[PDB]
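Visitor: Chains as they are written, first to last, in the entry's author numbering: chain U, 2 to 24; chain E, 170 to 413, 477 to 497, 503 to 552, 558 to 666, 706 to 721, 724 to 790; chain F, 170 to 254, 264 to 294, 308 to 416, 477 to 500, 509 to 594, 609 to 668, 679 to 684, 691 to 806; chain A, 170 to 386.
By construction, the Cβ of each residue, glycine as well, lies at the ideal position given by its N, Cα and C atoms.
Below you will find the structure I want to go over with you.
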Ligand SMILES: Nc1ncnc2c1ncn2[C@@H]1O[C@H](COP(=O)(O)OP(=O)(O)OP(=O)(O)O)[C@@H](O)[C@H]1O
Ligand SMILES: Nc1ncnc2c1ncn2[C@@H]1O[C@H](COP(=O)(O)OP(=O)(O)O)[C@@H](O)[C@H]1O
Ligand SMILES: Nc1ncnc2c1ncn2[C@@H]1O[C@H](COP(=O)(O)OP(=O)(O)O)[C@@H](O)[C@H]1O
């Protein structure tokens, strides 16, 4: 007689990122 | 490489850095029976946190250096690969999978590695919770072909929540049920750990200190489990010896008094049970010795294995049950009033026993697992049982026969240690152990002196005047009492006459 | 290397460059017990920020140089691990310190940062002392089971107000020497008292240090173009929280001079608030447990507003929570309340619609009233005993022709539990507003209207006869503060609005209503 | 020098290029109090964006120039730290290491520098971190052992996200609560700023417009 509400989270999305070289 | 995420249990076994396990060598044989399979040779140690599952593979690692293994398990090196350590320090895309492939590269290279992934429920949900590549989808090809021997270890709940729900993963792992030990099994565990303790703590441990560590931890600790909480008591026992050497049973009763909080440690206190119940109840002393009488049988003598610890009808009433709970294991707050006058209908019968799933009240009610059997002993008071529907205490016919309640969430809550007390059919009344009768001016004025001394003891400590008169105690007896009712909560008459005029002392 | 890890807290302890740790010697004892185990060694030291977790280990560092330690910890150094002081090469030379010295005991401040380097010290090869918060333990450290088999929780709580005083007496000479002023005993005994009352985002064994450090710092400032006491540290708090120094530095019944009417109920509640500011009753029991039964709209919600004024300094910071939304634990898990009473060391919480609740919650409802303790999910006892309890509750033939005071008290026992009024300091039943009490409420609500018209340069005085009509249109014997404000809109404001747009009134003058009935 | 990797905020105060803050004297002296401490000698100025956190230390720069300052930080040059110019042109290896060591030895060379790092959360977690240590881990030992006093200014939200992340920062930074002005304090601010806006727009601004602009905003 009563709903449950799954309530989907959002994720942080483990990221690629460019970096910077220096010579 | 593989040393960066866990220690070598086999190399720790031949250096004697592992605690010996006594018993659970049928569990070790079952794990060797899985590990010597071909295709899915991956056991998962099913238990609950502290029964000894690291200790199973600690004993398997000792069995390899002893050569007590099959030829498919000799010269195997066990590594406790912590997969949470693989997640740790992994902020980037692909950073996680790199140090798991470095682990699996040494599996292919060595070929004699058995991973012990403690907390195997973490394997689902290490990269993306099966939405993408996690650590499960990396291992699932090699686990299914026997090219990666992996001993998991997880709680039976976590095996059902994470490993069983992934039906692809549950076939890769073979459930080895590591049960919680018995108390007599825990004592012989601690016999072999006596050598490990006496070398470290500089103590000597007597024989019954183990008995008073295993029986006593089963009796008062229910969050923790047997072959860990009893090791904890001998650990904390030497932690009183580091304050100071032979430990007693009182040495363990000291360190459980630290842990749980109760200092009470039954035949002596059961005989003079009445006096520790007189300290909160004066007047109506016939019912005090009556509820002392039947409990001197149940907790001293003969008892059915399926019965609550006494069952009573009360017809102060609830003030005696609060003092009864204080003697019961040492806490005031074990008394749970259900307020049976707050239920009259049949659909409200599921509002105190748990809802059928789908429905209203799936958690308002059905929390009795975390209430009753969470505590080692309890007193459940059913206040105003006459106002209830018949259908509600048809469900209480379970717990008067057996002492088992089926929650609406499907849990079996044992009432076998709970003093079930009703307060106001011939089938309902004969299962109750006793009918205890409370009788309704000299008894009221002695409860006046009992209740003003609790207040006045604090009052003069903060430098306040104490002006009392024994004639005024009879004036408290007139208002704070009702023949037609019951001693109108005298405490309300004390805060009427004393505490309102407590403000009129600084004025 | 060895000193790029951090600081030897024990070379600093014998040198005297470490502060004295006075008080909390039982928690230092609990740490050195757990350090003396073989199965569950290496205690993680749990406490909210500023309660002393470095200080317990800085007390343990002084314990090893005094011989207040067993033969286990005797002559055993303790380095701290500064991760901010090539990175991954040196952090695995941390685990080399077993083979290097063998005296190594590590203190890791913020141990939760190590799990999601993460020295696993071959299971248990490097002794360790952690430091974490109650919730940061149960979210990072307690979540991972490999970390939980070894590290032991050691609960370090916030000091009580009187225990903080003895901490500050021991830390007196270091602030006496740094700020070169002689800080007195007054400033100490009023530090923790005034820091607990007017700060809750940080804890006493720090916030009390923060004001005696800064009151001493203000001395060294204002000497440049030598005693600190209660007034000097009250000057410092006023420069922080803003709370008027005077405030920081009974009841006066003044409450009635803000609200309208109900004069005896003002003096009724002022006698029990005067009692609990002396603390004469049991501090286990709540400070003020009041039920404001009786008629609604007679200014009984406003009495809590003035009581919030009288006991904050601020007019309104009082907690408003609603009940009656409950048939699940999913909805009743808000007993919103546990986080806003956490921010307020004193609040005035108001409980409306408490005649409507789910029947199981009445068991846990008594824990608000009897105990004043509700341990939330972060493992913290939320106070309600240093917080006043306000229970706002609103309760044929030819017979015809007004004391219902005890008659209210009869159905109080019936609609609620008969032990719910056992823990009520006094009962309040209000009166219906008479013809002279309702007419000065009309002054209160039109004072908002005249303030809006003062801005466009006019003031209007209403005659006493014009307010007689509004006071009887805006009163019925079920309400009376609620319909009055609507009738001033529908009779005064909606007329005055179109009269200053059509400019019948126009710019600056006085208008006066002279009504004919 | 710090003039290339920042700007002198007191030289901007004696050239009259900082806006005066009429009021705010309790929070400027607050920063001077928690500079003179011994354990948390670092004022970090927390507050919602717009309440005038930068204006406190610009009001501190005017307090030093006017001589309304104690003679423990009299003639004490405030330099705000431009992290843009500090990172810019660090194309070669170890430049950002070397630049941030130069601006910290130039503080210890002269000692008439008190450093302001605007957006102190930007310091934490950025600046060189691929093959060298970042900006924050260079500042961190001189903030912990004590060779260096920053004045900081974060948002109240950004203070909990970056500074209240590690405890070894928390025991050295003192959060200075720069609150919203009230409407009456804002009118005092606006009447004091009136000359800067009467001169820029060459308009006149009435007292009504000041009390309107604070009340209506
Ligand atoms: N007390 C004051 N006296 C004069 N002007 C002030 C005062 N407080 C703030 N201001 C002015 O109001 C504006 C606030 O900008 P400011 O950068 O000082 O605020 P902030 O809170 O530090 O902002 P941000 O979060 O973006 O750094 C500026 O124009 C500033 O000069
Ligand atoms: N059969 C056993 N013999 C000896 N010690 C045991 C046994 N079972 C558990 N232990 C003890 O348990 C601890 C190891 O943790 P364990 O019980 O294996 O945790 P879990 O069950 O969560 O894997 C050690 O103190 C170990 O000595
Ligand atoms: N019992 C105590 N005796 C002396 N100083 C104390 C005590 N408890 C806390 N302090 C001081 O209060 C502050 C608390 O900070 P810290 O020791 O890092 O603890 P936490 O880790 O809880 O923030 C420090 O200045 C510390 O020296």
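Using the three-state DSSP reduction, which class does residue 321 (chain F) fall into: helix, strand or coil?
Guide: For the purposes of this step, residue 321 (chain F) is identified with residue 130 of the third chain, where counting begins at 1. Reduced to three states, the DSSP call for residue 321 (chain F) is strand.
Visitor: Please identify the residue among A:346, A:333, A:295 and A:337 whose C-alpha is closest to the C-alpha of residue 311 (chain A).
Guide: The residue given as residue 311 (chain A) occupies position 142 in the fourth chain. For the residues A:346, A:333, A:295 and A:337, the minimum Cα distance to residue 311 (chain A) belongs to A:337.
Visitor: Have a look at residue 172 (chain E) and residue 349 (chain E) and give me their C-alpha separation to the nearest angstrom.
Guide: Taking the second chain and counting its residues from 1, the one referred to as residue 172 (chain E) is at position 3. Taking the second chain and counting its residues from 1, the one referred to as residue 349 (chain E) is at position 180. Residue 172 (chain E) and residue 349 (chain E): Cα-Cα distance of roughly 31 Å.
Visitor: Please name the residue, chosen from A:180, A:202, A:177 and A:185, that lies closest to residue 362 (chain A) on a Cα-to-Cα basis.
Guide: In the fourth chain, the residue the question calls residue 362 (chain A) occupies position 193. Minimum Cα distance to residue 362 (chain A) is reached at A:185.
Visitor: Note down the Cα distance separating residue 319 (chain E) from residue 282 (chain E), rounded to an integer number of angstroms.
Guide: Translated into the one-based positions of the second chain, residue 319 (chain E) becomes position 150. Translated into the one-based positions of the second chain, residue 282 (chain E) becomes position 113. So the two alpha carbons sit approximately 9 Å from each other.
Visitor: Within the present structure, is the beta-carbon of residue 222 (chain A) separated from the nearest heavy atom of ligand 1 by less than 7 Å?
Guide: Here residue 222 (chain A) corresponds to residue number 53 of the fourth chain, with the count starting at 1. Answer for residue 222 (chain A): yes, Cβ within range of ligand 1.
Visitor: When Cβ atoms are compared, which residues of the stretch 359 to 389 of chain E fall closer than 8 Å to chain F?
Guide: Correct list: 365, 366, 369, 370 and 371.
Visitor: Using a Cβ cut-off of 8 Å (strictly closer), state whether residue 682 (chain F) contacts chain E.
Guide: Along the third chain, one-based indexing puts residue 682 (chain F) at 399. For residue 682 (chain F), the answer is no, since every Cβ of chain E falls outside 8 Å of its Cβ.
Visitor: Compute every distance between the C-beta of residue 283 (chain E) and the non-hydrogen atoms of ligand 2, then say whether any falls below 7 Å.
Guide: Residue mapping note: residue 283 (chain E) aligns to position 114 of the second chain, counting from 1. Residue 283 (chain E) Cβ: outside cutoff for every heavy atom of ligand 2.
Visitor: Which partner residues does residue 719 (chain E) have in the DSSP bridge list?
Guide: One-based indexing of the second chain puts residue 719 (chain E) at position 438. Answer is none; residue 719 (chain E) lacks a bridge partner.
Visitor: Taking a contact to mean a Cβ-Cβ separation below 8 Å, would you say residue 358 (chain E) touches residue 367 (chain E) in this structure?
Guide: Your numbering for residue 358 (chain E) matches position 189 in the second chain. Your numbering for residue 367 (chain E) matches position 198 in the second chain. Result no, Cβ atoms of residue 358 (chain E) and residue 367 (chain E) do not sit closer than 8 Å.
Visitor: Does residue 184 (chain E) come out as helix, strand or coil in the three-state DSSP assignment?
Guide: If you number the second chain from 1, residue 184 (chain E) lands on position 15. Residue 184 (chain E) falls in the coil class under three-state DSSP.
Visitor: Does the stretch 658 to 666 of chain F come into contact with the stretch 617 to 633 of chain E, if we say contact requires no fewer than three beta-carbon pairs (one atom in each stretch) closer than 8 Å?
Guide: No, the stretch 658 to 666 of chain F does not touch the stretch 617 to 633 of chain E.
Visitor: So with Cβ pairs under 8 Å, would you call residue 327 (chain A) a contact of chain U?
Guide: Counting from one through the fourth chain, the residue named residue 327 (chain A) turns up at place 158. Residue 327 (chain A) does not count as touching chain U.
Visitor: I need the straight-line Cα distance from residue 251 (chain F) to residue 355 (chain E), nearest angstrom please.
Guide: By 1-based counting over the third chain, the position of residue 251 (chain F) is 82. By 1-based counting over the second chain, the position of residue 355 (chain E) is 186. Going by the C-alpha atoms only, they are around 42 Å apart.
Visitor: Could you tell me whether the Cβ of residue 231 (chain E) comes closer than 8 Å to any Cβ of chain F?
Guide: Walking along the second chain from the start, residue 231 (chain E) turns up at place 62. No, its Cβ sits nowhere closer than 8 Å to a Cβ of chain F.
Visitor: Examine ligand 2 and report whether any of its heavy atoms sits within less than 7 Å of the Cβ of residue 588 (chain E).
Guide: Mapped onto the second chain, residue 588 (chain E) falls at position 346. Residue 588 (chain E): no, Cβ never under 7 Å from ligand 2.
Visitor: Taking its Cβ as the centre, do 16 or more other Cβ atoms sit within 10 Å of residue 205 (chain F), making it buried, or is it exposed?
Guide: One-based indexing of the third chain puts residue 205 (chain F) at position 36. Buried: at least 16 other Cβ atoms inside 10 Å.
Visitor: Name the residue from E:730, E:789, E:170 and E:370 whose alpha carbon lies nearest to the alpha carbon of residue 278 (chain E).
Guide: In the second chain, the residue the question calls residue 278 (chain E) occupies position 109. Closest by alpha carbon: E:170.
Visitor: Output the boundary residues of the alpha helix (DSSP H) element that contains residue 562 (chain F).
Guide: Translated into the one-based positions of the third chain, residue 562 (chain F) becomes position 303. Segment 559 to 569, the alpha helix (DSSP H) holding residue 562 (chain F).
Visitor: Distance, Cα to Cα, residue 763 (chain E) vs residue 582 (chain E)?
Guide: For the purposes of this step, residue 763 (chain E) is taken as residue 480 along the second chain, with counting starting at 1. For the purposes of this step, residue 582 (chain E) is taken as residue 340 along the second chain, with counting starting at 1. Looking at the two C-alpha atoms, the distance is approximately 25 Å.
Visitor: Starting from the C-beta of residue 325 (chain F), find all residues in its chain whose C-beta is less than 7 Å away, skip the five residues before and the five after it, and write them out in chain order.
Guide: Against the third chain, residue 325 (chain F) aligns to sequence position 134. Taken in chain order, the residues that qualify are 215, 217, 651, 652 and 653.
Visitor: Between which two residues does the alpha helix (DSSP H) holding residue 753 (chain F) run?
Guide: In the third chain, residue 753 (chain F) corresponds to position 464, counting from 1. Residues 753 to 762.
Visitor: Residue ranges of each alpha helix (DSSP H) run of no fewer than 4 residues wholly in the stretch 323 to 375 of chain F, ordered along the chain?
Guide: Counting only runs of 4 or more, we get 336 to 339, 352 to 361 and 363 to 369.
Visitor: Hey, is residue 404 (chain F)'s beta-carbon within less than 8 Å of any beta-carbon in chain A?
Guide: Residue numbering aside, residue 404 (chain F) sits at position 213 when the third chain is read from its first letter. Closer than 8 Å to some Cβ of chain A, the Cβ of residue 404 (chain F) qualifies, so yes.
Visitor: Whose CA, out of E:315, E:274 and E:273, lies closest to the CA of residue 241 (chain E)?
Guide: Within the second chain, numbered from 1, the residue matching residue 241 (chain E) stands at position 72. Minimum Cα distance to residue 241 (chain E) is reached at E:315.
Visitor: Does the beta-carbon of residue 212 (chain E), which I'm using as the reference point, lie nearer than 7 Å to any heavy atom of ligand 2?
Guide: For the purposes of this step, residue 212 (chain E) is taken as the residue at position 43 of the second chain. It does not: the Cβ of residue 212 (chain E) is nowhere closer than 7 Å to a heavy atom of ligand 2.
Visitor: Any beta-carbon of chain A closer than 8 Å to the one on residue 573 (chain F)?
Guide: The sequence position of residue 573 (chain F) within the third chain is 314, counting from 1. Answer no: the Cβ-Cβ gap between residue 573 (chain F) and chain A never drops below 8 Å.
Visitor: Examine the Cβ distances between the stretch 635 to 647 of chain F and the stretch 589 to 601 of chain E and report whether three or more of them are shorter than 8 Å.
Guide: Counting Cβ pairs under 8 Å, fewer than three are found: no touch.
Visitor: Have a look at residue 484 (chain E) and residue 717 (chain E) and give me their C-alpha separation to the nearest angstrom.
Guide: Start at 1 with the first residue of the second chain, and residue 484 (chain E) comes out as number 252. Start at 1 with the first residue of the second chain, and residue 717 (chain E) comes out as number 436. Cα to Cα, the separation comes out at about 38 Å.
Visitor: Using a Cβ cut-off of 8 Å, which residues of the stretch 573 to 603 of chain E contact any Cβ in chain U, in chain order?
Guide: Cβ contacts with chain U: 600, 601 and 602.
Visitor: Indicate whether residue 323 (chain F) and residue 289 (chain F) have their beta-carbon atoms separated by less than 8 Å.
Guide: For this step, residue 323 (chain F) is matched to residue 132 along the third chain. For this step, residue 289 (chain F) is matched to residue 111 along the third chain. Against a cut-off of 8 Å, the Cβ pair of residue 289 (chain F) and residue 323 (chain F) comes out as a contact.
Visitor: Relative to the C-alpha of residue 352 (chain F), which candidate in F:390, F:369, F:321 and F:573 has its C-alpha closest?
Guide: Walking along the third chain from the start, residue 352 (chain F) turns up at place 161. That would be F:390, whose Cα lies nearest to the Cα of residue 352 (chain F).
Visitor: So, residue 340 (chain E) versus residue 209 (chain E), is the Cβ gap smaller than 8 Å?
Guide: Start at 1 with the first residue of the second chain, and residue 340 (chain E) comes out as number 171. Start at 1 with the first residue of the second chain, and residue 209 (chain E) comes out as number 40. Cβ distance < 8 Å, so residue 340 (chain E) and residue 209 (chain E) count as in contact.
Visitor: Could you tell me the alpha carbon to alpha carbon distance between residue 589 (chain F) and residue 544 (chain E), rounded to whole angstroms?
Guide: Reading the third chain from its first residue, position 330 is the one you call residue 589 (chain F). Reading the second chain from its first residue, position 307 is the one you call residue 544 (chain E). Rounded to the nearest angstrom, the two C-alpha atoms are 34 Å apart.
Visitor: Are the Cβ atoms of residue 249 (chain F) and residue 175 (chain F) separated by less than 8 Å?
Guide: Looking up residue 249 (chain F) in the third chain gives position 80. Looking up residue 175 (chain F) in the third chain gives position 6. Yes. Within cutoff.
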